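Undergrad: There's a structure below that I have some questions on.
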Amino acid sequence: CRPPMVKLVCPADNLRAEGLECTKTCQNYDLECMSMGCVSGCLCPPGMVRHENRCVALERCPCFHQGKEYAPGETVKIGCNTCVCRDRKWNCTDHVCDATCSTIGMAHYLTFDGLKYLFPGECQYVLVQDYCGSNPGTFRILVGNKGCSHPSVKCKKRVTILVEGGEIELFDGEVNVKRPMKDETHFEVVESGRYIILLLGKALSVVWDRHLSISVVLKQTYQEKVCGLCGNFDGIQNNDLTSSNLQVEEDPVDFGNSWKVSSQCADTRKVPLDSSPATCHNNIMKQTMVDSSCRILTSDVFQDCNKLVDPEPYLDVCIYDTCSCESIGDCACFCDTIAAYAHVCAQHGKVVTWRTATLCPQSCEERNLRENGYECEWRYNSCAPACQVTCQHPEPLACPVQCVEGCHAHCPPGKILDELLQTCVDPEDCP
Amino acid sequence: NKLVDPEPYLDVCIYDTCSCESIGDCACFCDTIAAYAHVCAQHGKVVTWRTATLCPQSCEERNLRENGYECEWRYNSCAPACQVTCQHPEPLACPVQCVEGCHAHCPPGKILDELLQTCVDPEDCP
Amino acid sequence: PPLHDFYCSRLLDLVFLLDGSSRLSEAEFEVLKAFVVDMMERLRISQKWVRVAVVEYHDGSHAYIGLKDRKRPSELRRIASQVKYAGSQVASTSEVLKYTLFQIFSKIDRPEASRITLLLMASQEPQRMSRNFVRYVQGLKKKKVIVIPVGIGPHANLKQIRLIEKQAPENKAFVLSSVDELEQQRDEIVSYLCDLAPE
Amino acid sequence: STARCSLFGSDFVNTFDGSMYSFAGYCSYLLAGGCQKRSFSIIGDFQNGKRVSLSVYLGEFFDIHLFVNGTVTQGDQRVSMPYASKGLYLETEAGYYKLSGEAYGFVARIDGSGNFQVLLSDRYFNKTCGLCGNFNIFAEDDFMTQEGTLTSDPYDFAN
Amino acid sequence: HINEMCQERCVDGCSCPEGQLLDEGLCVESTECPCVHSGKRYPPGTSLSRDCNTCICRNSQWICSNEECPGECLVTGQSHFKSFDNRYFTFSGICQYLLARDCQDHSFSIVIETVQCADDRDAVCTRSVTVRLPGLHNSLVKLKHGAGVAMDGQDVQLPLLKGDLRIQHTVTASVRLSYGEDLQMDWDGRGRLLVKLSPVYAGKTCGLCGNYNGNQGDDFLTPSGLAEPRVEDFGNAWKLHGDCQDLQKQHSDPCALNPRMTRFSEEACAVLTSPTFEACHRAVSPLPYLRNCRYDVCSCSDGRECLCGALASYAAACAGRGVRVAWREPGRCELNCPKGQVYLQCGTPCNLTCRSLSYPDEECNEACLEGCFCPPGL
Ligand SMILES: *[C@@H]1O[C@H](CO)[C@@H](O[C@@H]2O[C@H](CO)[C@@H](O[C@@H]3O[C@H](CO)[C@@H](O)[C@H](O)[C@@H]3O)[C@H](O)[C@H]2NC(C)=O)[C@H](O)[C@H]1NC(C)=O
Ligand SMILES: *[C@@H]1O[C@H](CO)[C@@H](O)[C@H](O)[C@H]1NC(C)=O
Ligand SMILES: *[C@@H]1O[C@H](CO)[C@@H](O)[C@H](O)[C@H]1NC(C)=O
Ligand SMILES: *[C@@H]1O[C@H](CO)[C@@H](O)[C@H](O)[C@H]1NC(C)=O
Ligand SMILES: *[C@@H]1O[C@H](CO)[C@@H](O)[C@H](O)[C@H]1NC(C)=O
Ligand SMILES: *[C@@H]1O[C@H](CO)[C@@H](O)[C@H](O)[C@H]1NC(C)=O
Ligand SMILES: [Ca+2]
Ligand SMILES: [Ca+2]
Ligand SMILES: [Ca+2]
């Protein structure tokens, strides 16, 4: 019928051959054939696949990762690994990358393996730990909250880091070193953007939003060697609700209660309601405007990142933490969730600018030399590379994040950023 | 407070803030405080009450320009009244002597324009 | 490098079945762990030569070390010494046999070595749970598996013992009266296992 | 400008583009509302084939029922006539119960005879997907079923 | 055992005598302290059991068996899949999709045919399946809509007892396509396609059900390797036709398109969280099931029937893991068994179906079914 290749229909024996119905496109060629009758139709040659318009080389048919088609030889950068489109397949590398356990919002957690769950607690818990089993402990992080039964404005989280030597309590919005770790060689407190990024050890690192989000970054070393509210970092996601007494608890509340450090403090009650807590489900007003406002996550600015990272967990975190958290003036229970999602997006190299003059404003003029002249020494930057050479940290110390939002002192090569006066001055002026 | 009692504004804030379910947009509460501050300023009692965590007000987007950063548009808690600009060279009798918000603290010359929100020489305007 | 005298450095696949029933007291279970550790200590522990796996069954398999695992033999020693004491009221020989037959030895990938299972029974499985015992024994026989029953304690079901032997040419039973005899017969047991050497 | 669709007569309809037909349903069919980002929906309630009540739903929270005999409800409770609320100023314009929503853009009337009416704004051009037909100048394609298949039987499209 | 934290001060107050560890309110002996699970105290030596693995409460710890439990790929409702590795997700695409196939050793190629099952665009359910067991020549079983079996096009009068197939009506009008004690597909003709599958297939399947290893993260794996972030891409990748529309923006709130149903949907799919199901809550979290029920009731032709489907799906999930809730009454849904048949929650299947009487040699290794069994002596 249509040249240059021959045309066949069917053998008409018992309707066994594959007609026009079962056209082998590369995306379908690997997949098993259809379930229909012999339609007496044409098809591409045997070792040939009818991709796009018509026949196309079987070994040259593009692969797809985000729907988009990658021709053979292309490559993608998923996490820290890399893959190449070969034979309609992705030949990925294998380097288990760093794992982050963020404390999203005021009552939600995200484990290393990926699981996200809800655990409203008032007592002191274990975020990450090494005193799991036989393996000797090396560090231990406690995320003890305070007045945070339900997400509330008067909620402050008191992190307590029991690294090898001494506590590095992170209460309020500052860092206090109750005791000094014996090995002070590797202990850096990098204050960049809106965060107090630490470098506790060779591998572990805690990045703090300074208000309520605490992320702990590990490396290959700690794989399967951690426990607490952040799971075992084993890659497997189902076994991340193992209680202190080793057992996969079905509901997150009973899992979290196991890690309560103080056996006498309190057991958070199993709330029957699923969502729309506190004011929501009884306000209509509140739930409607919460869902409408907690939808910027799907807005155009986040559209590009909405595919790399699923915003549904952050949508739930925004719905929660906003109905219960009565926001007055310090309307941060919502901006914090949106900023957490923006940070997670940025980690995938998809920095997004969302703050405006109205929606979650954030100004840096106060630090812009307001003493006199207020020259533009400081700026707000969505990306703002986190770990930057400065007087305090001239060397390019390794950082667990790549580029973190907040105030950023953009200064030319001369007069590098200083530390105390928060002004970039002549390099010789550093200690 | 000793010059104008805040009780009316205390009521206006207790009301209109419980009624408002301020989510993200936090203007319901902030607007009342700003109104009281404006009334205070009318009596020559300028107050710098805004902070980085209490009803923050930013001005970065104005200075954001193709030429890099202008560093001219900054938030002034009081600021002056109607400022002579290229489109309004002659002065005017404004009802309010002081009004908070963003404004460009341009050097002595090159008064402000309107369309491009940047201060340039008087020649480059009608 | 043999620790004391022995090193059965030959292609082999070995699985242990440390009993978890309450019949073996905490001290007795610790003695059994010492037995298994001192046993594997005299073997060329490596996927190239000897594959070792410990599977505690307390009415459900609790494999701590898999025959596919590849780690330092010292780490395997540590894990074996770390096997927790289940202390269950009833073990299940049939259940552990099914576990090894279907989930441990069902995907042959190394015929060079042989399959040997050390069933260290110390309690009597209820008759209601013995429906498929002979079936699983025969199935293991088909898979080229030799089961070496060990009647550790006086309560160790002996009817199943010598019945595993009956349905196999090489299935040998080591019926003991107490865990103490394990130290006495350690050399004999390792010797017997090395007689069926896959080389 | 603004389109107009009215459920006039006895069980009659007039789409936004002129196409008209007869339909006496019983399941409070969707008169108008975008099919992508709904955000509101005018619903023409029906009883035993007769046009009884014209309901409007905002998103998924606000329910208002207008009825043809002048009574009004919030979904579970009665209310007085002027009843200004979040948008949706439900009044009496010229003897007809007018329900006006301007933020979204529409005006629903129920005259004494019971003939409904709707005045959707231009910003729903080609966007509305209710029983009153999509608001495109083309009047012959106003039977777009919810399934997305253009039918010719008015009753299939209405149901 | 978080030492180094008890660094505040002494206080002159009571205490346990020397060695007893203070229990919740008593100074019980150190060894007698019980383990805690789901807010329950169990004396040491307790044998609390999971689906297939059993845990034993040792001193303040649970020693848990780590076997592999049989998988399940329930596809109830309007595209409410649940991968073998519990991965509750929804994908409303209208085409033929590969539910599960043994990629390593081709022995079954279960395929689902999906079509819009109502007027709402967010209403898609499977109406047919295409079990393709290649071991028994190349039979293409066709457990069609309405529980209609069809082998190679030719219809089949159940029960069928071919070489390995055992396609036979279950207690409640659902053909149970068994196999060589490795597949136990159950298909009621409307939605439900519970695919039991023995551990021998761990980490060997593909398709919508994804892997069976036991990790949810990998369950969004396309045949091309890379896992998909969004469900839409994952579902599209497993599409048979080259012509069906690739699903875009899988909608999550069908109730917006039908605002009138919001009240009923909220107030109806709430018994899942009500005390009636508190017994199962610990056994299974009704978060995915509540979401599925809400998405079903407010998206399908008959609200009450879909409410029945969703609530019954959650009840079945609970029952498969022990706890057996009541969930059957007017206001709820009812089985309304036909004349002669009776409800008798948790009956037995074997001792009826006189076919069984003819063949007494058959065994009875089946649990309760909660169906329409006959009264005693009948
Ligand atoms: C305008 O038309 C509406 C729609 O028919 C009328 O609403 C109806 O009003 C009657 C008056 O009582 C209601 O009857 C009562 O219903 C309740 C609940 O079913 C029942 O318990 C009482 O015994 C009594 O039968 C009727 O339910 C209601 N129907 C609705 C709201 O759908 C309305 O009354 C009419 N306007 C006037 C001024 O009559
Ligand atoms: C990956 O690439 C290497 C080098 O070309 C090759 O040896 C290996 O087989 C490839 N692996 C896969 C899974 O394609
Ligand atoms: C943030 O800083 C980087 C480098 O310092 C720069 O490339 C980027 O444009 C900045 N983004 C802003 C100022 O929004
Ligand atoms: C605001 O402007 C007035 C007059 O231009 C000046 O005196 C005052 O210092 C300014 N305030 C700030 C905070 O810049
Ligand atoms: C209706 O929408 C379709 C797809 O969005 C578009 O192709 C078509 O042009 C639209 N019709 C009009 C009249 O704009
Ligand atoms: C029903 O099943 C039971 C199961 O134990 C069996 O004993 C009985 O004979 C069967 N028949 C009747 C009529 O109960
Ligand atoms: Ca894990
Ligand atoms: Ca039209
Ligand atoms: Ca699966």
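By convention here, the chains of the structure tokens are called A, B, ... in the order presented, each chain's residues are numbered starting at 1, and ligands are numbered starting at 1 in the order presented.
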Can you build me a table of chain E residues sitting at most 12 Å from chain D, with the closest atom pair per residue and its distance in Å to one decimal, using only C-alpha atoms, sorted by chain and residue number, as CSV?
TA:
```
residue,atom,partner,partner_atom,distance
E:115,CA,D:147,CA,11.6
E:116,CA,D:147,CA,8.6
E:117,CA,D:147,CA,10.4
E:118,CA,D:147,CA,8.5
E:119,CA,D:147,CA,5.7
E:120,CA,D:146,CA,6.7
E:121,CA,D:147,CA,6.3
E:122,CA,D:147,CA,10.0
E:123,CA,D:147,CA,10.2
E:124,CA,D:147,CA,11.6
E:249,CA,D:36,CA,11.1
E:251,CA,D:36,CA,10.5
E:253,CA,D:60,CA,10.3
E:254,CA,D:60,CA,10.7
E:255,CA,D:60,CA,7.7
E:256,CA,D:60,CA,5.9
E:257,CA,D:38,CA,6.6
E:258,CA,D:60,CA,8.3
E:259,CA,D:60,CA,5.1
E:260,CA,D:57,CA,7.8
E:261,CA,D:60,CA,9.1
E:262,CA,D:60,CA,6.8
E:263,CA,D:60,CA,9.2
E:265,CA,D:60,CA,11.6
E:266,CA,D:60,CA,11.4
E:298,CA,D:60,CA,11.7
E:301,CA,D:159,CA,11.6
```
Undergrad: With a distance threshold of 12 Å and counting only C-alpha atoms, extract the residues of chain C near chain A and express them as a PyMOL selection string.
TA: chain C and resi 75+78-84
Undergrad: List the neighbours of range 40-51 of chain B out to 9 Å using only C-alpha atoms; skip same-chain residues closer than 4 positions along the sequence, and give me the result as a list in words.
TA: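 Skipping anything fewer than 4 positions along the chain leaves residues 363 and 366 of chain A; 1, 3, 4, 33, 34, 35, 36, 55, 56, 57, 76, 77, 78, 96, 97, 98, 99 and 100 of chain B.
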Undergrad: Please, could you write that set of residues out with N, CA, C and O atoms as a PDB file, in the first residue's frame?
TA:
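This went into again38.pdb:
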```
ATOM      1  N   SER A 363      12.235  41.992  54.102  1.00  0.00           N
ATOM      2  CA  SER A 363      13.111  43.110  53.795  1.00  0.00           C
ATOM      3  C   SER A 363      14.462  42.932  54.471  1.00  0.00           C
ATOM      4  O   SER A 363      14.566  42.339  55.548  1.00  0.00           O
ATOM      5  N   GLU A 366      17.163  46.815  56.985  1.00  0.00           N
ATOM      6  CA  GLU A 366      17.599  47.078  58.353  1.00  0.00           C
ATOM      7  C   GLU A 366      19.103  46.891  58.501  1.00  0.00           C
ATOM      8  O   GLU A 366      19.767  47.664  59.201  1.00  0.00           O
TER       9      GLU A 366
ATOM     10  N   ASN B   1       1.359  57.561  72.648  1.00  0.00           N
ATOM     11  CA  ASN B   1       0.134  57.213  73.361  1.00  0.00           C
ATOM     12  C   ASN B   1      -0.322  58.357  74.253  1.00  0.00           C
ATOM     13  O   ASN B   1      -1.521  58.645  74.345  1.00  0.00           O
ATOM     14  N   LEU B   3      -0.109  61.356  73.686  1.00  0.00           N
ATOM     15  CA  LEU B   3      -0.595  62.458  72.868  1.00  0.00           C
ATOM     16  C   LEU B   3      -1.895  62.137  72.150  1.00  0.00           C
ATOM     17  O   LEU B   3      -2.671  63.051  71.857  1.00  0.00           O
ATOM     18  N   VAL B   4      -2.150  60.863  71.858  1.00  0.00           N
ATOM     19  CA  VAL B   4      -3.419  60.430  71.285  1.00  0.00           C
ATOM     20  C   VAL B   4      -3.723  59.036  71.814  1.00  0.00           C
ATOM     21  O   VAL B   4      -2.965  58.090  71.573  1.00  0.00           O
ATOM     22  N   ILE B  33      -2.244  48.939  62.759  1.00  0.00           N
ATOM     23  CA  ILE B  33      -1.063  49.514  63.388  1.00  0.00           C
ATOM     24  C   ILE B  33      -0.509  50.637  62.528  1.00  0.00           C
ATOM     25  O   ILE B  33      -0.093  51.684  63.037  1.00  0.00           O
ATOM     26  N   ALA B  34      -0.486  50.435  61.210  1.00  0.00           N
ATOM     27  CA  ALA B  34       0.000  51.477  60.315  1.00  0.00           C
ATOM     28  C   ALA B  34      -0.876  52.717  60.393  1.00  0.00           C
ATOM     29  O   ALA B  34      -0.375  53.843  60.336  1.00  0.00           O
ATOM     30  N   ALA B  35      -2.190  52.533  60.508  1.00  0.00           N
ATOM     31  CA  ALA B  35      -3.087  53.676  60.634  1.00  0.00           C
ATOM     32  C   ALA B  35      -2.812  54.445  61.915  1.00  0.00           C
ATOM     33  O   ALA B  35      -2.780  55.684  61.915  1.00  0.00           O
ATOM     34  N   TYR B  36      -2.617  53.732  63.025  1.00  0.00           N
ATOM     35  CA  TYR B  36      -2.296  54.425  64.268  1.00  0.00           C
ATOM     36  C   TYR B  36      -0.968  55.158  64.151  1.00  0.00           C
ATOM     37  O   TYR B  36      -0.820  56.277  64.655  1.00  0.00           O
ATOM     38  N   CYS B  55       5.272  42.709  60.659  1.00  0.00           N
ATOM     39  CA  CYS B  55       4.772  43.398  59.476  1.00  0.00           C
ATOM     40  C   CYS B  55       5.925  43.947  58.632  1.00  0.00           C
ATOM     41  O   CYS B  55       6.032  45.160  58.431  1.00  0.00           O
ATOM     42  N   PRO B  56       6.803  43.081  58.132  1.00  0.00           N
ATOM     43  CA  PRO B  56       7.927  43.567  57.327  1.00  0.00           C
ATOM     44  C   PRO B  56       7.441  44.271  56.071  1.00  0.00           C
ATOM     45  O   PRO B  56       6.421  43.910  55.484  1.00  0.00           O
ATOM     46  N   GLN B  57       8.189  45.292  55.664  1.00  0.00           N
ATOM     47  CA  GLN B  57       7.911  46.034  54.442  1.00  0.00           C
ATOM     48  C   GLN B  57       9.217  46.187  53.680  1.00  0.00           C
ATOM     49  O   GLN B  57      10.166  46.792  54.189  1.00  0.00           O
ATOM     50  N   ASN B  76      11.182  54.513  54.366  1.00  0.00           N
ATOM     51  CA  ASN B  76      11.343  55.528  55.397  1.00  0.00           C
ATOM     52  C   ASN B  76      10.087  55.533  56.256  1.00  0.00           C
ATOM     53  O   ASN B  76       8.979  55.702  55.738  1.00  0.00           O
ATOM     54  N   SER B  77      10.264  55.353  57.567  1.00  0.00           N
ATOM     55  CA  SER B  77       9.114  55.217  58.453  1.00  0.00           C
ATOM     56  C   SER B  77       8.186  56.418  58.361  1.00  0.00           C
ATOM     57  O   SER B  77       6.973  56.277  58.545  1.00  0.00           O
ATOM     58  N   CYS B  78       8.730  57.605  58.094  1.00  0.00           N
ATOM     59  CA  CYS B  78       7.916  58.809  57.955  1.00  0.00           C
ATOM     60  C   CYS B  78       7.982  59.383  56.548  1.00  0.00           C
ATOM     61  O   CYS B  78       6.936  59.579  55.924  1.00  0.00           O
ATOM     62  N   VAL B  96      -1.358  65.959  54.346  1.00  0.00           N
ATOM     63  CA  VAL B  96      -0.539  65.284  55.345  1.00  0.00           C
ATOM     64  C   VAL B  96       0.914  65.659  55.104  1.00  0.00           C
ATOM     65  O   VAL B  96       1.412  65.556  53.977  1.00  0.00           O
ATOM     66  N   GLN B  97       1.591  66.100  56.164  1.00  0.00           N
ATOM     67  CA  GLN B  97       2.977  66.528  56.035  1.00  0.00           C
ATOM     68  C   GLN B  97       3.933  65.351  55.899  1.00  0.00           C
ATOM     69  O   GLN B  97       5.002  65.497  55.298  1.00  0.00           O
ATOM     70  N   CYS B  98       3.582  64.191  56.448  1.00  0.00           N
ATOM     71  CA  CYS B  98       4.465  63.034  56.438  1.00  0.00           C
ATOM     72  C   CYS B  98       3.653  61.782  56.151  1.00  0.00           C
ATOM     73  O   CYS B  98       2.522  61.646  56.626  1.00  0.00           O
ATOM     74  N   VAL B  99       4.233  60.871  55.372  1.00  0.00           N
ATOM     75  CA  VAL B  99       3.555  59.650  54.950  1.00  0.00           C
ATOM     76  C   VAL B  99       4.596  58.552  54.801  1.00  0.00           C
ATOM     77  O   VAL B  99       5.533  58.687  54.008  1.00  0.00           O
ATOM     78  N   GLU B 100       4.424  57.458  55.539  1.00  0.00           N
ATOM     79  CA  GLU B 100       5.376  56.362  55.478  1.00  0.00           C
ATOM     80  C   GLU B 100       5.310  55.673  54.119  1.00  0.00           C
ATOM     81  O   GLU B 100       4.411  55.912  53.309  1.00  0.00           O
TER      82      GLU B 100
END
```
Undergrad: Find the residues near ligand 5. Use a cut-off of 8 Å, count only C-alpha atoms and all ligand atoms, and write them as a VMD selection string.
TA: chain D and resid 125 to 127 136 to 138
Undergrad: Next, write the just-selected residues to a file, as an mmCIF file, in the first residue's frame, keeping C-alpha atoms as the atom set.
TA:
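Result file is result-v4.cif:
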```
data_model
loop_
_atom_site.group_PDB
_atom_site.id
_atom_site.type_symbol
_atom_site.label_atom_id
_atom_site.label_comp_id
_atom_site.auth_asym_id
_atom_site.auth_seq_id
_atom_site.Cartn_x
_atom_site.Cartn_y
_atom_site.Cartn_z
ATOM 1 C CA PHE D 125 -15.681 33.665 26.556
ATOM 2 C CA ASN D 126 -15.231 30.066 25.395
ATOM 3 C CA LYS D 127 -14.711 29.102 29.054
ATOM 4 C CA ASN D 136 -18.486 30.901 21.958
ATOM 5 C CA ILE D 137 -19.988 32.888 19.098
ATOM 6 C CA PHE D 138 -20.632 29.542 17.393
#
```
Undergrad: For CA of residue 255 in chain A and CA of residue 280 in chain E, quote the distance in Å rounded to one decimal.
TA: 16.6 Å
Undergrad: As a PDB file with N, CA, C and O atoms, in the first residue's frame, please: every residue in range 20-89 of chain B that a backbone DSSP assignment puts in strand (DSSP E or B).
TA:
```pdb
ATOM      1  N   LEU B  64      15.780  47.044  42.005  1.00  0.00           N
ATOM      2  CA  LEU B  64      16.082  46.034  41.000  1.00  0.00           C
ATOM      3  C   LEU B  64      15.959  46.650  39.614  1.00  0.00           C
ATOM      4  O   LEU B  64      14.863  47.035  39.195  1.00  0.00           O
ATOM      5  N   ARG B  65      17.077  46.750  38.898  1.00  0.00           N
ATOM      6  CA  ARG B  65      17.088  47.401  37.598  1.00  0.00           C
ATOM      7  C   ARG B  65      18.087  46.697  36.693  1.00  0.00           C
ATOM      8  O   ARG B  65      18.992  45.996  37.156  1.00  0.00           O
ATOM      9  N   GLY B  68      21.855  46.601  37.247  1.00  0.00           N
ATOM     10  CA  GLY B  68      22.321  45.998  38.479  1.00  0.00           C
ATOM     11  C   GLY B  68      21.426  46.353  39.646  1.00  0.00           C
ATOM     12  O   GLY B  68      20.295  45.867  39.740  1.00  0.00           O
ATOM     13  N   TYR B  69      21.919  47.204  40.540  1.00  0.00           N
ATOM     14  CA  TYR B  69      21.150  47.665  41.685  1.00  0.00           C
ATOM     15  C   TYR B  69      21.329  49.166  41.840  1.00  0.00           C
ATOM     16  O   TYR B  69      22.439  49.687  41.699  1.00  0.00           O
ATOM     17  N   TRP B  73      15.851  53.327  46.323  1.00  0.00           N
ATOM     18  CA  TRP B  73      14.518  53.165  46.884  1.00  0.00           C
ATOM     19  C   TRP B  73      14.619  52.452  48.226  1.00  0.00           C
ATOM     20  O   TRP B  73      14.981  51.272  48.280  1.00  0.00           O
ATOM     21  N   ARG B  74      14.292  53.162  49.302  1.00  0.00           N
ATOM     22  CA  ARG B  74      14.350  52.597  50.641  1.00  0.00           C
ATOM     23  C   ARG B  74      13.101  52.998  51.408  1.00  0.00           C
ATOM     24  O   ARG B  74      12.473  54.021  51.124  1.00  0.00           O
ATOM     25  N   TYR B  75      12.749  52.177  52.392  1.00  0.00           N
ATOM     26  CA  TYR B  75      11.571  52.413  53.216  1.00  0.00           C
ATOM     27  C   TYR B  75      11.919  53.409  54.315  1.00  0.00           C
ATOM     28  O   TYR B  75      12.840  53.173  55.103  1.00  0.00           O
ATOM     29  N   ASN B  76      11.182  54.513  54.366  1.00  0.00           N
ATOM     30  CA  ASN B  76      11.343  55.528  55.397  1.00  0.00           C
ATOM     31  C   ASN B  76      10.087  55.533  56.256  1.00  0.00           C
ATOM     32  O   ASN B  76       8.979  55.702  55.738  1.00  0.00           O
TER      33      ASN B  76
END
```
Undergrad: Can you pull out the residues contacting residue 320 in chain A? Cut-off 10 Å, using only C-alpha atoms, and skip same-chain residues under 3 positions away; I want them as a ChimeraX atom specification.
TA: /A:105-108,118,150-151,275-278,280,290-291,294,314-317,323-325,333-334,337
Undergrad: Please identify every polymer residue within 9 Å of ligand 6, using only C-alpha atoms and all ligand atoms, and present the set as a PyMOL selection string.
TA: chain E and resi 347-352+364+374-378
